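Take a look at this one chain, the form deposited in one PDB entry, written out in structure tokens.
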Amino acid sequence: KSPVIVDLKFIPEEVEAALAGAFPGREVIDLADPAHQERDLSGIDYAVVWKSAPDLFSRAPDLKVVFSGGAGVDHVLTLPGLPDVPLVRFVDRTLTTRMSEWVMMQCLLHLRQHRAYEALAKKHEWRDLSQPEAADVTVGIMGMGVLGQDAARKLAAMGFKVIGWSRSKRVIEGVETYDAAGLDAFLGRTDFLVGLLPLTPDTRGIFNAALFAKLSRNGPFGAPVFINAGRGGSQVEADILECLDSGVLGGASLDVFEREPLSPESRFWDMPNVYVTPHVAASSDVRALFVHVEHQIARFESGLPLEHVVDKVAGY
């Protein structure tokens, strides 16, 4: 049976733990192990990859299916020699549920004025603030795919008003959606903007000052919030900073950045209404990843269509 190459820049202890009993009957070649640094990888059919080294595909020229370790494929699409074979992205209940946790947390942190209450606590000052309920806030989600839909449904269940935007219009109970041409109408209703878009050439720099200026000022805080857990390349950080400084944006939650890891010299670390997380909104459960890859391999070898195959021209 073909081995499976594992080249995942994840927390090493998590990958190592998941290797036990993974891919039964196949050799598993974990490229984090120095013992494998010279192994020729010709004749091997499958690789599971995340932030892999530039030479990987020259070493493994006979791959039949490439599996991303994440939902996003904007990096793997750039790897030199990426083979002309199906590229399968990671889609799984574990990833989806994790993203929705992070999105819900940000919407609650902003709704419930967490930074204000923390500033009061720093002064040892007890002060109750006037407080809207979730239903007083419209959360607008750009990207109505696997992650956007789950987050929308969960936010609505917690009481937020929720609307969605994507290229085509999606039909979702309890969530009004807009297609591409509806962007401006969607923005004008949105108090908390949530980004769950892939990075593609068409989404590069989409979150910019002109867009933030179209967000609603009619909500309970009088100024919108920007929350991004898609990709950093979709935002213009110079504009985010300008808009936070001026008050065009009242706050932000950023999990993703134009250049990661985020520079230690970035202003974002110290800003009073910005929450920074280090690209952890939805971690890949490595056990679940390997179960997913196993399942797709079994489909492939039985002559069934692969699931979650990306359109390389579209970039997602």
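Numbering starts at 1 and follows the sequence shown. Only residues modelled in both forms are compared. Here the rigid core means the biggest group of C-alpha atoms that line up within 1.5 Å when the two forms are laid on top of each other.
In what follows, reference is made to the form deposited in another entry, a form of this protein that is not presented.
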| query | finding |
| --- | --- |
| Rigid core superposition, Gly174 Cα moves 2 angstroms or more between this form and the one not shown | yes |
| Core fit, then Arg127 C-alpha moves 2 Å or more between this form and the one not shown | no |
| Core-superposed comparison between this form and the one not shown, runs of at least 3 residues with CA shifts of 2 Å or more | 4-24, 28-33, 48-52, 67-71, 88-93, 168-174, 284-302, 307-310 |
